[PDB]
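Q: The structure follows.
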Amino acid sequence: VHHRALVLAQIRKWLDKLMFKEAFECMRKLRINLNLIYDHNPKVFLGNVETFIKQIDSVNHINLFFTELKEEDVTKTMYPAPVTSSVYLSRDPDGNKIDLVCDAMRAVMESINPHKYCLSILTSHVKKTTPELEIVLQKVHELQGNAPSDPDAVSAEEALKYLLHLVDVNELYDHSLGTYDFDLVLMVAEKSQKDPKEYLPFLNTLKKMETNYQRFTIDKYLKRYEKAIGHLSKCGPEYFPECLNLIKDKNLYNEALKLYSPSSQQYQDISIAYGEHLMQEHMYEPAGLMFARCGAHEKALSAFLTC
Amino acid sequence: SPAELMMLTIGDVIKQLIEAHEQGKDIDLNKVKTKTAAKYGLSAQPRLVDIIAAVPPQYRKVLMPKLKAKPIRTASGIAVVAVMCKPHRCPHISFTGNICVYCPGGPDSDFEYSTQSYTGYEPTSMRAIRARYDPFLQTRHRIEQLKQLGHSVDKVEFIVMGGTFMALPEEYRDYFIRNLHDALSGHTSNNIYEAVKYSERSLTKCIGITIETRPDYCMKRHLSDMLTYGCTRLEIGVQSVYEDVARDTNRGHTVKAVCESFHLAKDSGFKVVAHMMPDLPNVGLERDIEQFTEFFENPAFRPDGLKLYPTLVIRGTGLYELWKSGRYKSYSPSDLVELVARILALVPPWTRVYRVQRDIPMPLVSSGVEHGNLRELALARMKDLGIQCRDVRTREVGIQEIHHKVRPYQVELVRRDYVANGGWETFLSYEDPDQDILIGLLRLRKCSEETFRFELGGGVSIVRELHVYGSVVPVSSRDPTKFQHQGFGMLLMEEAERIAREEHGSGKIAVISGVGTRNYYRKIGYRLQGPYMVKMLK
Amino acid sequence: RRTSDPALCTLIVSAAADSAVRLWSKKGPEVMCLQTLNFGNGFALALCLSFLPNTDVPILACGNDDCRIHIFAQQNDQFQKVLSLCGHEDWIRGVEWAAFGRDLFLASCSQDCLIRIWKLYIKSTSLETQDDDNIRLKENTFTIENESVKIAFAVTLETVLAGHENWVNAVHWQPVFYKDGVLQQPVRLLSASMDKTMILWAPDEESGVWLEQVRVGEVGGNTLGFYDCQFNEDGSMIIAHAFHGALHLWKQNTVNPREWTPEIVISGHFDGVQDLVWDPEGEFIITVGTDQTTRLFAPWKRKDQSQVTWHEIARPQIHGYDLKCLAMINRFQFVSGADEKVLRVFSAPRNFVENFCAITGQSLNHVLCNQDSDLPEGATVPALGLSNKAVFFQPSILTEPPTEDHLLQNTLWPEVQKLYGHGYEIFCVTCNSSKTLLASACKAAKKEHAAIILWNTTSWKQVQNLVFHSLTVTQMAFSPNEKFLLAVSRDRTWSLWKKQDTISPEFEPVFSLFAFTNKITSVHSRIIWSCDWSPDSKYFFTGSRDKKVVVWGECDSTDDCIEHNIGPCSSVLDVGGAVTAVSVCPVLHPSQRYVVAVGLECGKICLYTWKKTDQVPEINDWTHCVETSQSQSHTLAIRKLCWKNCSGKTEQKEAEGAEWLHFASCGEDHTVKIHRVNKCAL
RNA sequence: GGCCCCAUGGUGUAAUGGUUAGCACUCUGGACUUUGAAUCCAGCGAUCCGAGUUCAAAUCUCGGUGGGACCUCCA
Ligand SMILES: CC(=O)SCCNC(=O)CCNC(=O)[C@H](O)C(C)(C)COP(=O)(O)OP(=O)(O)OC[C@H]1O[C@@H](n2cnc3c(N)ncnc32)[C@H](O)[C@@H]1OP(=O)(O)O
Ligand SMILES: C[C@H]1O[C@@H](n2cnc3c(N)ncnc32)[C@H](O)[C@@H]1O
Ligand code: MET
Ligand code: SF4
Ligand SMILES: [Mg+2]
Ligand SMILES: [Mg+2]
Ligand SMILES: [Mg+2]
Ligand SMILES: [Mg+2]
């Protein structure tokens with residue numbers, strides 16, 4: 001048996017002596033959560049990222065490190081310190097731990113070798129708090145139409161396979177459609193197992209449309225109703241009835257009111273619709289107040305009398 | 001008519017399910033079933049198989065993780081297909097004049113068109129009878145049923161049942177094995193080697209084959225022949241550790257032969273599973289405890305798996321005649337439950353129990369066991385007495401997940417060493433100590449001085465099994481809520497390659513494997529030699 | 001295609017199981033191997049050859065187990081890889097090229113249950129490309145050298161069809177054909193799958209999709225699907241090949257263009273045939289085989305034609321054991337013996353007689369001969385076990401031979417008996433000419449198991465046991481005089497049993513040894529495989545693996561011999577190989593001709609003519625008469641030979657002077673044949 | 001249109017103002033590496049919808065909704 005006390009004592013000594021290689025190997029073999037590398041002393045880790053990167057020096061190991069990072073602190077839920085004589089706490093982590101870790105390590109990796117560390121930078125981008133799929137798709141597209149210079153580069157086929165490994169095909173297809181770039185859409189749809197004569201006419205129809213109407217149509221096709229109504233609003237007056245129909249259908253009254261200035265008559269129309277909606281939900285006093293605000297005085301009488 | 005009403009109810013159920021999936025909310029199936037059946041005026045409820053058998057293709061792909069039926073059928077990490085041979089006579093009928101005193105059925109019996117030690121009313125027996133004992137049809141039919149339930153059949157393991165398979169003519173065995181491999185792969189071959197090559201290049205992986213055999217049919221010739229077939233597991237019936245019982249029941253061999261066969265099989269690289277039978281004649285209530293204590297404490301006997309089969313008396317056998325004459329009486333049910341609890345309390349943590357009682361229909365039994373859930377009754381009795389069972393089956397993630405509601409939290413690495421059958425055995429595992437939950441295991445053995453295979457002579461250490469439990473994850477896929485494809489296998493092999501070089505002192509390591517496993521080990525860095533996957537350690 | 005006026009040069013490509021593909025060229029009677037291609041440890045599962053458009057450069061497409069198609073082009077004098085096409089994710093089971101206008105199409109099927117169509121065309125002239133306001137799939141491009149000229153070609157996917165559940169086993173375009181001079185080039189596709197179905201596809205001109213047009217097959221039952229499918233010249237007929245070996249043929253109606261009907265096709269066993277018998281009156285034959293089936297063949301008579309064709313009409317057994325032996329008791333009743341310790345007896349139902357008399361062109365009243373009377377109507381599979389149960393299946397009158405869906409179900413025969421008394425699996429059965437007795441034998445390794453058993457045909461009980469020999473009895477024969485029984489065995493010996501004479505009308509006669517043979521007296525050095533009687537019950541012939549056929553004679557004079565005079569009455573003949581069948585024609589000629597039909601392991605059938613020398617020299621007793629040709633012979637061992645002993649027609653009333661004699665043969669090459677020989681020649 | 005009665009699990013049905021609704025058919029899960037369907041043993045699932053009177057209502061008063069009995073009216 002490997003008793004946890006001896007292992008933890010040795011690991012703490014190793015971490016305090018800046019010998020990340022041995023600690024990493026021991027934690028990997030014995031299945032100890034890797035977060036303890038950072039949570040033991042965040043300041044020292046963020047001050048010596050270069051030595052960490054140089055000592056780990058493996059794409060697979062760094063990828064393993066990224067697929068285990070979590071916001072929670074393990075020195076308070078899994079491995080409490082046996083001695084309570086903590087020297088201090090000092091600087092509270094300013095932001096999301098994942099964000100600082102990813103940004104610092106990506107900066108060091110880019111400074112040391114852009115070509116050797118290729119899939120790990122993409123993993124750092126994907127694993128952040130907000131998945132930046134657009135940036136990684138754009139980088140893959142750049143790598144598609146280019147020639148190598150240093151015989152350590154990764155082919156676009158392997159990068160696409162790794163991205164399909166991280167994220168599902170259909171989700172990538174939807175994100176690419178959201179990017180408003182048909183090159184990326186075609187790239188993803190190539191390895192999608194779909195009939196070309198089912199989406200080629202669809203993309204062609206989407207192409208020959210006005211820009212704002214195109215964006216509204218795509219957004220509606222991908223839910224994203226707020227962006228769809230914004231894009232439709234940024235168009236001609238004749239489309240306003242359809243915009244109002246969508247506003248009423250999904251109850252987007254507040255966003256529409258934010259979209260236009262109060263002096264606009266469209267603001268008055270949306271206000272009247274919103275007040276009628278509250279009439280449907282028995283909020284007589286609020287909708288009457290907002291009728292009085294917009295100018296529907298008689299409806300204010302009706303609602304105020306009802307309430 | 002009720003039929004169209006049923007169809008409309010089903011269609012409405014899938015309509016609601018797919019709608020809820022489209023706008024992305026969770027839905028409770030039972031309430032929807034009851035409400036929708038209320039509308040159309042029915043007097044029954046929908047069945048899960050019917051709802052599964054009407055989904056459109058893309059939705060069929062997407063929404064199976066909610067409509068699956070019988071989640072136990074793939075809760076151990078594989079899919080099991082059982083096939084049966086042609087009826088035949090046991091080999092020892094000639095030089096003794098008769099067969100074992102308690103075996104029912106067979107070619108010369110009143111159970112028409114049934115294999116030895118079976119009645120024909122069993123589930124698998126009725127499947128092969130209507131297929132007229134054809135391996136291709138049986139494999140196809142069983143895979144179709146498993147797919148209809150809603151399971152994944154990426155990884156398959158065969159079990160060949162019947163009498164003594166290795167006592168049949170060579171041509172029939174060739175036919176059977178090549179047809180099994182062809183049914184998996186899809187080729188149309190002429191002999192074993194062609195089928196093995198094509199199955200190696202296949203996409204529906206054949207993990208291994210299991211064969212049941214007698215101790216006198218397990219020699220160097222038979223072991224080599226089974227090695228060429230792709231077999232990796234053996235089932236032998238020991239039934240007792242007492243020498244007088246083995247000759248008063250006309251068994252036909254001796255216990256020493258059993259021990260020698262164990263030694264040869266384990267040195268060759270197989271896995272051994274033993275059938276044992278309590279309540280045999282001339283064995284009281286006190287010799288059973290001693291029998292099993294010796295079984296699990298004596299190095300000559302320690303197996304890897306166990307099958308407990310309490311004795312049943314069936315018509316048309318010698319034991320039936322003994323029972324009629326008022327000379328044999330069975331245990332009382334309370335005594336039987338107590339005995340089974342005591343026996344299960346002794347199993348070491350490296351042994352797996354596959355089954356606990358036979359499956360003969362109740363009306364055909366004259367005396368003996370009458371219930372049908374002996375295992376859970378024994379477990380409840382064990383909980384009452386204060387003792388606990390610690391075998392392999394009742395400690396893995398899937399069983400602990402469906403019987404109880406627990407999940408691993410603090411996984412650690414454990415190693416156990418012992419001596420068995422003249423060899424030095426090690427057992428490596430990844431498991432959670434506090435909650436007693438098993439995840440993955442590996443078995444390693446140092447070859448003794450009496451190995452006969454050419455590939456294993458001169459300093460070779462052999463790996464006998466590697467396994468990771470949970471639900472089935474299809475090849476090249478990943479699921480973060482399951483346990484398989486997360487790197488527990490290359491961690492278990494790196495440690496096995498360190499013991500074999502710094503402690504055993506060997507200079508080569510060999511693995512016995514299937515075919516998909518052949519590709520896996522090729523990925524790791526092993527090459528092929530004979531029927532083994534070998535690698536230099538120097 | 002070339003303009004040097006060659007002797008039709010041919011290019012051949014082959015792929016095998018040694019992970020290699022080979023190319024060959026055949027210029028006249030000369031062949032030579034141009035190239036070999038190695039795929040490592042993979043395999044090639046499909047091949048197709050054609051030429052690039054608007055040129056004469058051959059191109060090759062190979063489907064592999066890698067779920068990936070490979071394209072090769074022959075520039076210079078060798079084949080070089082140009083392109084690799086992905087998209088599939090399972091094994092590929094068929095590719096095919098097609099030429100349409102100035103473009104080339106490729107159709108591909110796989111075990112993914114999907115069909116894909118690609119398209120190869122000639123790329124533009126590197127100009128006139130300015131419509132950048134469109135969305136198009138990326139093109140796969142390659143360049144070739146031709147007469148010091150660079151030509152660029154492009155490949156792009158066209159469509160992805162779907163609609164199958166199980167594997168797709170084959171796919172084929174539609175061949176071009178000529179109507180009144182003009183060539184018509186339809187666009188159609190055919191697919192056959194493992195889920196018992198065939199689908200025909202055609203494109204749609206209103207949109208850019210393909211639609212199913214006809215879906216043919218039988219969905220349901222444990223029977224598996226299809227392996228291959230083929231078109232006709234013009235598309236009127238479609239054929240498909242089933243899992244066991246059955247053939248299905250469909251024809252399209254002239255007026256109704258979406259209706260297809262099945263038709264009559266050849267059929268036969270899908271494994272080795274083991275035994276054969278003739279109709280006592282000679283209008284059908286019955287065969288059994290190791291495929292666990294029993295089949296009946298009878299001729300078809302049609303008014304508006306002269307030639308007669310024989311077709312299967314009955315399959316009166318689908319058993320759970322390999323069948324080994326069969327014998328005939330009455331005109332509609334037989335006995336069968338399989339790989340079990342039990343003999344079985346089958347009789348015929350009523351609808352079979354009506355169908356038989358309808359197809360063969362006889363009269364229903366006269367075929368009954370007012371002697372069958374009432375009897376069951378059909379048979380069906382029992383709920384449990386192996387048996388036949390009378391359904392006293394469905395009344396289905398027939399005027400034409402059935403198809404392979406009415407034969408499988410509605411054409412069984414009831415079981416009316418079951419005999420026990422043997423300790424092991426059966427090996428041989430025979431019957432006498434008086435229709436009241438029966439013999440049997442079984443596999444044995446000692447003397448107490450190898451024993452002949454005699455039965456009765458009116459009340460089936462054992463009559464007497466004849467214990468002799470120590471090994472299996474291979475064949476037995478009743479002399480036409482109904483006063484002898486002979487046996488030959490694996491122990492290189494034989495024995496003759498004579499029936500003693502009693503009047504005792506209520507009793508039954510008995511048999512006892514009349515002659516025998518030990519190790520020394522035996523002349524065959526190895527296993528004896530066959531024996532037969534002379535038509536006058538005088539001599540008998542034996543054939544063994546010693547490549548020799550011997551005549552033992554003077555078995556007549558049953559009145560009173562001292563003990564016997566049985567011995568070799570001829571000279572041994574070295575045929576050339578092991579003999580596994582012997583038969584003697586049941587026709588007597590004044591010149592005393594005894595013709596013997598000898599079969600061998602290699603499927604040869606030799607007719608000799610044996611003549612008794614009547615002199616102390618034994619030369620001029622073996623004469624070679626005729627031998628089968630290389631296309632008329634078999635390919636594996638011959639297991640039976642049986643002349644047409646038309647005892648019902650004792651003298652041929654309506655015959656052309658009996659110019660011809662007929663007989664039949666079967667063997668382990670899945671084949672049953674009927675041969676005819678000129679009478680006056682022999 | 002008034003005129004008497006009926007309504008509890010998906011279906012057939014039990015129970016008296018208490019201090020928390022029982023059985024059958026159907027359905028789901030385990031013994032089970034010999035089994036969706038068989039055996040044994042566990043489990044999920046209801047007093048239509050409103051007002052209410054009595055300390056307290058599935059239970060008694062009055063309602064709407066459907067149904068059953070009488071003639072409808074009506075065209
Ligand atoms: C050799 C024998 O006796 S049998 C092995 C046990 N049999 C079984 O398949 C039952 C369960 N087995 C398993 O859990 C796995 O198949 C094992 C034991 C072989 C490996 O366990 P894991 O921890 O899942 O392996 P690990 O996560 O280290 O490796 C994952 C990789 O193996 C691949 N892999 C897994 N099984 C196979 C296989 N049969 N053939 C080929 N590749 C395979 C996965 O596709 C994955 O590759 P990728 O993600 O790079 O594309
Ligand atoms: C197939 C296995 O069944 C067991 N077996 C055989 N006969 C009986 C019986 N009467 N009762 C219980 N188990 C039996 C033996 O252990 C055999 O190996
Ligand atoms: C099917 S019984 C178990 C296998 C073998 N007949 C034995 O007795 O060992
Ligand atoms: S060897 Fe096994 S199968 Fe054969 S008779 Fe004995 S117990 Fe039955
Ligand atoms: Mg009700
Ligand atoms: Mg009631
Ligand atoms: Mg009540
Ligand atoms: Mg059940």
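All residue names refer to the structure tokens as shown: chains lettered A, B, ... in order, residues numbered from 1 in each chain, ligands numbered from 1 in order.
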Residues of chain D within 8 Å of chain B, using only C-alpha atoms (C1' of nucleotides), as number ranges by chain?

A: D: 10-11, 26-27, 29, 31-36, 39-41

Q: Could you list the protein, DNA and RNA residues that have any atom within 10 Å of ligand 6, counting only C-alpha atoms (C1' of nucleotides) and all ligand atoms, and write them as a ChimeraX atom specification?

A: /D:8,13-15

Q: Write out, as a PDB file, in the first residue's frame, the residues just selected, with N, CA and C atoms (P, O5', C5', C4', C3', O3' and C1' of nucleotides).

A:
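Writing the result to part.pdb gives the following:
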ATOM      1  P     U D   8     -63.892   6.840 -11.919  1.00  0.00           P
ATOM      2  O5'   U D   8     -62.962   7.202 -10.678  1.00  0.00           O
ATOM      3  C5'   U D   8     -62.134   8.355 -10.700  1.00  0.00           C
ATOM      4  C4'   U D   8     -61.090   8.320  -9.612  1.00  0.00           C
ATOM      5  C3'   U D   8     -59.956   7.323  -9.799  1.00  0.00           C
ATOM      6  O3'   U D   8     -58.948   7.781 -10.683  1.00  0.00           O
ATOM      7  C1'   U D   8     -60.787   7.155  -7.599  1.00  0.00           C
ATOM      8  P     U D  13     -66.016  -2.112 -13.263  1.00  0.00           P
ATOM      9  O5'   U D  13     -65.134  -1.231 -12.270  1.00  0.00           O
ATOM     10  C5'   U D  13     -65.491  -1.094 -10.904  1.00  0.00           C
ATOM     11  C4'   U D  13     -64.830  -2.149 -10.052  1.00  0.00           C
ATOM     12  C3'   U D  13     -64.966  -1.969  -8.550  1.00  0.00           C
ATOM     13  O3'   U D  13     -66.205  -2.450  -8.055  1.00  0.00           O
ATOM     14  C1'   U D  13     -62.714  -2.448  -9.087  1.00  0.00           C
ATOM     15  P     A D  14     -66.799  -2.110  -6.598  1.00  0.00           P
ATOM     16  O5'   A D  14     -65.734  -2.534  -5.474  1.00  0.00           O
ATOM     17  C5'   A D  14     -65.198  -1.495  -4.615  1.00  0.00           C
ATOM     18  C4'   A D  14     -64.598  -2.110  -3.376  1.00  0.00           C
ATOM     19  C3'   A D  14     -64.678  -1.259  -2.104  1.00  0.00           C
ATOM     20  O3'   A D  14     -65.910  -1.472  -1.431  1.00  0.00           O
ATOM     21  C1'   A D  14     -62.458  -1.928  -2.437  1.00  0.00           C
ATOM     22  P     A D  15     -66.352  -0.563  -0.186  1.00  0.00           P
ATOM     23  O5'   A D  15     -65.062  -0.617   0.765  1.00  0.00           O
ATOM     24  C5'   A D  15     -65.234  -0.695   2.190  1.00  0.00           C
ATOM     25  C4'   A D  15     -64.435   0.409   2.831  1.00  0.00           C
ATOM     26  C3'   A D  15     -65.114   1.779   2.902  1.00  0.00           C
ATOM     27  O3'   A D  15     -66.066   1.845   3.960  1.00  0.00           O
ATOM     28  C1'   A D  15     -62.915   2.039   2.101  1.00  0.00           C
TER      29        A D  15
END

Q: Near residue 639 in chain C, within 10 Å and counting only C-alpha atoms (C1' of nucleotides), which residues show up once chain neighbours fewer than 3 positions away are dropped, as a list in words?

A: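 After dropping sequence-adjacent residues, the list is residues 272, 273, 274, 275, 276, 529, 530, 579, 580, 581, 582, 599, 600, 601, 603, 636, 665, 666, 667 and 668 of chain C.
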
Q: Using DSSP on the backbone, list every residue of range 206-419 of chain C that comes out as alpha helix (DSSP H), and give them as a list in words.

A: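 Taking range 206-419 of chain C and keeping alpha helix (DSSP H) gives residues 350, 351, 352, 353, 354, 355, 356, 357, 358, 359, 360, 364, 365, 366, 367 and 368 of chain C.
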
Q: Give me, as a PyMOL selection string, the contact residues of chain A against chain C at a cut-off of 9 Å, counting only C-alpha atoms.

A: chain A and resi 182-183+186+190-198+200-201+203-204+207-208

Q: Go through A:135, A:164, A:153, A:294 one by one, measure the shortest atom-to-atom distance of each to chain B using only C-alpha atoms, and give the residue with the smallest value.

A: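 Once distances to chain B are computed over only C-alpha atoms, the minimum belongs to A:164.
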
Q: Tell me which protein, DNA and RNA residues are within 12 Å of range 47-59 of chain D, counting only C-alpha atoms (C1' of nucleotides), leaving out same-chain ones fewer than 3 positions away, and put them as a list in words.

A: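 With the cut-off at 12 Å, the set is residues 7, 8, 9, 15, 16, 17, 18, 19, 21, 62, 63, 64, 65 and 66 of chain D.
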
Q: Distance limit 12 Å, reference ligand 4, atoms considered: only C-alpha atoms (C1' of nucleotides) and all ligand atoms. Which residues make the cut? Give them as a PyMOL selection string.

A: chain B and resi 87-93+96-108+114-119+161-167+212-217+235-239+246+249-253+275-277+309+311+317-318

Q: Run DSSP on the backbone and grab whatever in range 251-417 of chain C lands in strand (DSSP E); send it over as a PyMOL selection string.

A: chain C and resi 251-252+260-262+273-278+285-289+293-300+309-314+323-330+333-338+343-347+379-380+389-390+415-417

Q: Please return as a CSV table (one decimal) with N, CA, C and O atoms, in the first residue's frame the residues found within 6 Å of ligand 1, counting only C-alpha atoms (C1' of nucleotides) and all ligand atoms.

A:
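That gives us out27.csv:
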chain,number,residue,atom,x,y,z
B,77,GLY,N,-18.4,-3.9,-19.5
B,77,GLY,CA,-17.5,-3.5,-20.5
B,77,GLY,C,-17.4,-4.3,-21.7
B,77,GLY,O,-16.6,-4.0,-22.6
B,78,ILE,N,-18.2,-5.3,-21.9
B,78,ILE,CA,-18.2,-6.2,-23.1
B,78,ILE,C,-19.6,-6.7,-23.4
B,78,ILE,O,-20.6,-6.4,-22.6
B,207,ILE,N,-12.9,-10.2,-28.8
B,207,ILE,CA,-12.0,-10.0,-27.6
B,207,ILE,C,-11.4,-11.4,-27.3
B,207,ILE,O,-10.2,-11.5,-27.0
B,465,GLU,N,-4.1,-11.1,-18.3
B,465,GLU,CA,-5.4,-10.4,-18.4
B,465,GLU,C,-5.2,-9.0,-18.1
B,465,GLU,O,-4.5,-8.6,-17.2
B,466,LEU,N,-5.9,-8.1,-18.9
B,466,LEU,CA,-6.0,-6.7,-18.7
B,466,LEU,C,-7.4,-6.3,-18.9
B,466,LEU,O,-8.0,-6.6,-19.9
B,467,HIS,N,-8.0,-5.6,-17.9
B,467,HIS,CA,-9.4,-5.3,-18.0
B,467,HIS,C,-9.7,-4.0,-17.3
B,467,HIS,O,-9.2,-3.7,-16.3
B,468,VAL,N,-10.6,-3.2,-17.9
B,468,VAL,CA,-11.2,-2.0,-17.3
B,468,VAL,C,-12.7,-2.0,-17.4
B,468,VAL,O,-13.2,-2.2,-18.5
B,475,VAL,N,-15.0,2.0,-29.9
B,475,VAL,CA,-13.6,2.3,-30.3
B,475,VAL,C,-13.5,3.7,-30.9
B,475,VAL,O,-14.3,4.1,-31.7
B,476,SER,N,-12.5,4.4,-30.5
B,476,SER,CA,-12.1,5.7,-31.0
B,476,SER,C,-13.1,6.8,-30.5
B,476,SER,O,-13.1,7.9,-31.0
B,484,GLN,N,-14.0,4.0,-19.3
B,484,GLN,CA,-13.0,3.1,-20.1
B,484,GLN,C,-11.9,3.9,-20.7
B,484,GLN,O,-10.8,3.9,-20.3
B,485,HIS,N,-12.2,4.8,-21.7
B,485,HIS,CA,-11.1,5.4,-22.5
B,485,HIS,C,-10.6,6.7,-21.8
B,485,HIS,O,-10.8,7.8,-22.2
B,486,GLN,N,-9.9,6.4,-20.7
B,486,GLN,CA,-9.3,7.5,-19.9
B,486,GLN,C,-7.9,7.3,-19.5
B,486,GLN,O,-7.4,8.0,-18.6
B,487,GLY,N,-7.2,6.3,-20.0
B,487,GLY,CA,-5.8,6.1,-19.8
B,487,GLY,C,-5.4,5.2,-18.6
B,487,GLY,O,-4.3,5.2,-18.1
B,488,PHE,N,-6.4,4.4,-18.2
B,488,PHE,CA,-6.1,3.4,-17.1
B,488,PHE,C,-5.4,2.1,-17.6
B,488,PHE,O,-5.0,1.3,-16.8
B,489,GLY,N,-5.3,2.0,-19.0
B,489,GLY,CA,-4.7,0.8,-19.5
B,489,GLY,C,-3.2,1.0,-19.7
B,489,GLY,O,-2.4,0.1,-19.4
B,490,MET,N,-2.8,2.1,-20.3
B,490,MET,CA,-1.4,2.3,-20.5
B,490,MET,C,-0.7,2.6,-19.2
B,490,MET,O,0.6,2.5,-19.1
B,513,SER,N,-3.7,-12.4,-26.4
B,513,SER,CA,-4.7,-11.4,-26.7
B,513,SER,C,-5.6,-12.0,-27.8
B,513,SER,O,-5.4,-13.0,-28.4
B,514,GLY,N,-6.6,-11.2,-28.1
B,514,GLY,CA,-7.6,-11.5,-29.1
B,514,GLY,C,-7.1,-11.0,-30.5
B,514,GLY,O,-6.1,-11.5,-31.0
B,516,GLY,N,-8.7,-7.3,-31.9
B,516,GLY,CA,-8.7,-5.9,-31.6
B,516,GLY,C,-7.6,-5.5,-30.6
B,516,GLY,O,-7.0,-4.5,-30.7
B,517,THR,N,-7.5,-6.4,-29.6
B,517,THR,CA,-6.4,-6.2,-28.7
B,517,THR,C,-5.0,-6.4,-29.4
B,517,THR,O,-4.0,-5.7,-29.0
B,519,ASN,N,-4.4,-5.2,-32.4
B,519,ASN,CA,-4.1,-3.8,-32.9
B,519,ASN,C,-3.7,-2.9,-31.8
B,519,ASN,O,-2.9,-2.0,-31.9
B,520,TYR,N,-4.4,-3.0,-30.6
B,520,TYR,CA,-4.1,-2.1,-29.5
B,520,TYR,C,-2.6,-2.3,-29.0
B,520,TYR,O,-1.9,-1.3,-28.9

Q: May I ask you to extract the residues of chain C within 9 Å of chain B, using only C-alpha atoms, and to give them as a PyMOL selection string?

A: chain C and resi 17+41-43+65+90-91+222-224+319-321+384-386

Q: Those same residues, written as a CSV table (one decimal), in the first residue's frame with C-alpha atoms?

A:
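Output file result-v9.csv follows:
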chain,number,residue,atom,x,y,z
C,17,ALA,CA,-5.5,-13.0,-50.1
C,41,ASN,CA,-0.9,-6.2,-44.3
C,42,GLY,CA,-4.1,-5.0,-45.9
C,43,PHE,CA,-6.3,-6.4,-48.6
C,65,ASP,CA,-10.3,-2.6,-46.0
C,90,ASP,CA,-16.3,0.6,-43.0
C,91,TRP,CA,-15.2,-2.1,-45.5
C,222,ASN,CA,-34.8,-16.4,-40.2
C,223,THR,CA,-33.5,-16.6,-43.8
C,224,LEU,CA,-30.7,-14.2,-44.5
C,319,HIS,CA,-34.0,-32.2,-41.0
C,320,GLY,CA,-31.7,-31.5,-38.0
C,321,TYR,CA,-29.0,-34.1,-38.9
C,384,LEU,CA,-40.7,-28.9,-30.4
C,385,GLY,CA,-38.3,-31.6,-31.5
C,386,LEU,CA,-37.8,-33.1,-35.0

Q: Compile the contact shell of residue 244 in chain B as a ChimeraX atom specification: residues with an atom at most 10 Å away, counting only C-alpha atoms (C1' of nucleotides), same-chain residues fewer than 3 positions apart removed.

A: /B:240-241,247-249,254-255,282

Q: Rank nothing, just name the residue among A:160, A:166, A:256, A:98 nearest to chain B, using only C-alpha atoms.

A: A:166

Q: Compute the set of chain A residues within 10 Å of chain B, using only C-alpha atoms, and express it as a list in words.

A: residues 1, 2, 3, 4, 28, 29, 30, 31, 32, 33, 78, 165, 166 and 223 of chain A

Q: Residue 68 in chain A: which residues within 10 Å, counting only C-alpha atoms (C1' of nucleotides), same-chain residues fewer than 5 positions away excluded, as a list in words?

A: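 The neighbour list is residues 33, 34, 35, 63 and 127 of chain A.
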
Q: Suppose you want the space between CA of residue 153 in chain B and CA of residue 531 in chain B; what is it in Å?

A: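 The value is 25.2 Å.
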
Q: Would you compute the distance between CA of residue 189 in chain B and CA of residue 637 in chain C? Give it in Å to one decimal.

A: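 CA of residue 637 in chain C lies 22.8 Å from CA of residue 189 in chain B.
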
Q: Please provide the set of residues having any atom within 10 Å of range 18-22 of chain B, restricted to only C-alpha atoms (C1' of nucleotides), with same-chain residues fewer than 6 positions apart removed, written as an NGL selection string.

A: :B and (12 or 55-56 or 59 or 62-63)
